[PDB]
Structures are given as C-alpha cells and as structure tokens.
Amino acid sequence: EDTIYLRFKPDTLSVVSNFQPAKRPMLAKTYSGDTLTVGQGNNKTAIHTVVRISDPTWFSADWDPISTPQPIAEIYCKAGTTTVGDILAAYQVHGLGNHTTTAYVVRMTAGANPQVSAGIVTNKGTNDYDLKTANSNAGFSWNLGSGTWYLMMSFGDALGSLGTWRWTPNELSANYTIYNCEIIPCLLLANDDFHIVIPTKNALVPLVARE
C-alpha cells in the first residue's frame, strides 16, 4: 500500500523485423505467438508495450533508498500459458474518461519470444496534445531475456472504484489517446541514457485517481 519509487533508465527494445531501425518503440495490437499478459487467476492485463529497465534503484515514500521489493504474491507474467516472470511493483493510473494506464515491473524468470501480427506505434498530429495510437506498417517480434527486468505497459478503458485494481485485457487499437504521465518517456526511443522516477506499489493498489 505504501508508495515506493523506482528510478531507472528506460531502454527501447530492439524488435525483430525486416524494416527500418530495429531499435524503435513499438506496441502490440494482436499477438500471433507467446502472447504477453500479466495476470492474476483468470483476470489479465494485456501487455501492449515493453521497455527494458536498466540501472534500477528503489526509494521509500520518504525517499530513503530501500532494497528490491519482494514479488507481489499471486500475480505473474505469462507468455502464452507459461509463467515467465515475477512482478516486483505495480503502477496504475485512473485517468479521465475511464482511461487506465498500467505498468508492471517484471523480473523475467524465463525467456520469451512474443510475436506481433498487428503492431501499433504512437503518433502525434498537429491537433493532438498527447500521443495517439496508429497502426504499424508491419508486425514484429520481441526477445525477452530471462533475468532481465522489463516495464510492461497496458492502455485501455476500464471500470473501478478508487483503490480498486483495474484490468485491461483488451487489444490496443489505433486512435486511442495515451494521456501524458510518468511513463510517457517509455513510448519514445530511449537509449539507456537518462533516468525517470515512477511511483509504484508493492501491491495491486492503484495510485490516487487522475494522476
């Protein structure tokens, strides 16, 4: 329940494709294989994008350095049906108009190869004030090494009272607006060269609403 801060350098995953720079920020609409979820029982969060967490350090609510948290009990990262990682901390923001943003600090205990049939990128037109989703011009695949930590994010509309954990099992589709937030640098190309600080919880408890 207490707020703990994660300071880390985001690092864009290098995707497997036949196009463009391999290191580019991509999101997943439809998976063809090793579909990425973070779930508790039947309830699942559909993972829409991933960045590597590099040089992480943790702080208490009072900004004293603390040790790595224990995994949140009973919540797991799965590729397909296989459990592939623990979850150290959870970030969830209940935004305007049922917008829900979830970020899991995932510590991989096994490798995974998520393959994306329909991809998504974030775009911004001259009349958008936030990033907005658009369709890839092709699919791709990710390679998630075991032992590495990843921030696995999800964006969608969901219901829930305040302090109720929300579940976004939906596909991410185009023209969905991702409201500015702490994790917004993880949606642009990140070259492991600057730190961000995000508030998290060692439980499945959301942050105070519209944040």
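All residue numbers are counted from 1 along the displayed sequence.
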| query | finding |
| --- | --- |
| Residue range whose averaged C-alpha B-factor is higher in the record, 176 to 184 or 36 to 44 | 36 to 44 |
| Entry-level comparison of average CA B-factors, 78 to 86 and 124 to 132, reporting the higher stretch | 78 to 86 |
| Per the PDB entry, maximal CA B factor within 27, 152, 61, 53 | 61 |
| Residue of maximum C-alpha B factor among 138, 105, 72, 93, per deposited coordinates | 138 |
| Assigned third (lowest, middle, highest) for the C-alpha B factor of residue 101 | lowest |
| Record-listed C-alpha B factor of residue 207: chain third | middle |
| CA B-factor ranking of residue 169, expressed as a third of its chain | lowest |
| B-factor third for the C-alpha atom of residue 201 within its chain | middle |
| Cα B factor band for residue 16 (lowest, middle or highest third within the chain) | highest |
